[PDB]
Each structure stands twice: as structure tokens, then as C-alpha cells.
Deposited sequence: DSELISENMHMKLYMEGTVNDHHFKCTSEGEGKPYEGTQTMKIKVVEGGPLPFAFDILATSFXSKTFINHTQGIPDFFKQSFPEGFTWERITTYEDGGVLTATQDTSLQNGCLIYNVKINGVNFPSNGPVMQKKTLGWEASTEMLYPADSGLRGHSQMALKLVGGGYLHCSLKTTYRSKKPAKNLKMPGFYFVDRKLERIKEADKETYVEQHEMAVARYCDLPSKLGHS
């Protein structure tokens, strides 16, 4: 395939959260079939960001899911054409972050381009006041809808002092390959753990590692 066992990525991100404009770039590498990857990210315009970098974590990679149990892999199948995703993340204290993303393969490097637009993050809440400590593990459910894949997830943001801020994600993933050339999956889950591995200079340099494994529910039917 066009997708080898070891892969590199380059990403460009532009966005506004509330009234704050910024731009980021990243480089990473990963193991697409093993479902692991690492991104090294730079905030290159608008830094330091007045908000916790955590709210941008999920906008930095769907090729790198280990699909088990024979679940067809919508993302890997989509090459050489590529795919797009579009998401809304809604925080329980009224912040909203939308993202739309293009994924292309050029010269055997994955290229990501992301546009972020966040609005209504409370100015005295944990995100604008940087009281956050990263994400717990999460499970997304995916299934065919709207001519691609729909994904639904919920995630919990660790807060200083031991509490949690909740959010939900609703995504639609769309293949640039025609649908007659795809073996579509049915309903399944992706478990993931996205972890900050280091940061420097007021979150203007960040490293992230994710592991992502696709699976069915392993419980028996009666």
C-alpha cells in the first residue's frame, strides 16, 4: 500500500479562539497499523495562547488507528486521494471549538491542514485560566452516515484540584475516494489515549503521542 508501517506527517493549522488568532505547525511520525504516533508542535503566530493548549489536542490524525478484528479501515483505504474531517467539540461550560481538516499524501508524507474556530469560552473558566491537565482515555463510536463516517465521542479534561470538565465531539469523516471503491465498515469503536509527552515555553512547543485501536464490543450476546 501507499501507507507503510512507518510514516511521517507535516501539519499546518490556522485558527481563532474567541477573539485570539494563532497559527501552528507540527511534524510527527508514527506506526499506522500499530496505531501509535507522535506529533511535535510549534505555536508560530499568536503565542503564547491565552487558552489551554489542551483544547487543540484533538485537531492535530486518523490514518494511525490499528484496526482489529477485520474492521475495514476507511482512512487507510482512502489513499492516494485522501480524506477530510469536520468536527464540533462542545464543552459543558459553553465553550465551542469547531475544526475542519484536510488529509493528503504527497511524496509519501502525510499532509494535514486544519482551520480552527472556537467561540464563547468563558473568560473566567478553566480553559482561559489554564487550569487544565490533559485528557483521559476515550472511546469514539463510528458508523456510516451522510456519505462518509460519523463519529461520536465524549472526553473528560483533567482539572487542577482533581476535577473534570466534560465535552462531546461530533465528527464527519469524508473520503475523497468514490464510495464504490471503498469497503465500508459497519458500526465500531475506537479506543484512544492522547498524552502530552513534553512542553516548553508557555505551551508554545508541545509534544503529543496517541494510541488508537479499533475494535468491536468484546462482551457476549445472550
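Which regions of the deposited sequence are unaccounted for in the modelled residues, listed N- to C-terminal?
-> Since the structure holds only modelled residues, the stretches it omits are 1 to 2, 63, 226 to 229.
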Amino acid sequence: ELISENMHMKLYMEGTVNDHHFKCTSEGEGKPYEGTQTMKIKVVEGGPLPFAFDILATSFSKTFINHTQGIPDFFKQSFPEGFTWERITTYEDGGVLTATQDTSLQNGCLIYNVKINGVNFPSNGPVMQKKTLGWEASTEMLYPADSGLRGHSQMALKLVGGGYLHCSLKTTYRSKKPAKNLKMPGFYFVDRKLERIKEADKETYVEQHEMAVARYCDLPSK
From here on, numbers count along this sequence of modelled residues.
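68 to 76 versus 103 to 111: which one carries the higher mean Cα B factor per the record?
-> Per the deposited B-factors, the answer is 103 to 111.
Per the PDB record, is the mean Cα temperature factor higher over 164 to 172 or over 26 to 34?
-> Between 164 to 172 and 26 to 34, it is 26 to 34 that shows the higher mean C-alpha B-factor.
Going by the entry, which of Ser138, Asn124, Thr84, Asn117 has the most elevated CA B factor?
-> Answer, based on the entry's C-alpha B-factors: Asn124.
Taking the C-alpha B-factors as the PDB entry records them, is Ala200 in the lowest, middle or highest third of its chain?
-> Highest third, going by the recorded CA B-factors of the chain.
For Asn181, return the chain-relative third of its C-alpha B-factor as stated in the PDB record: lowest, middle or highest.
-> For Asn181, the deposited C-alpha B-factor lands in the highest third.
Against its chain's modelled residues, does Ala52's Cα B factor rank lowest, middle or highest third?
-> It falls in the middle third of the chain.
Going by the entry, which third of its chain does the Cα temperature factor of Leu194 land in?
-> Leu194: CA B-factor falls in the middle third of its chain.
Please rank the C-alpha B-factors of the chain's modelled residues and tell me whether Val43 sits in the lowest, middle or highest third.
-> Highest third, going by the recorded CA B-factors of the chain.
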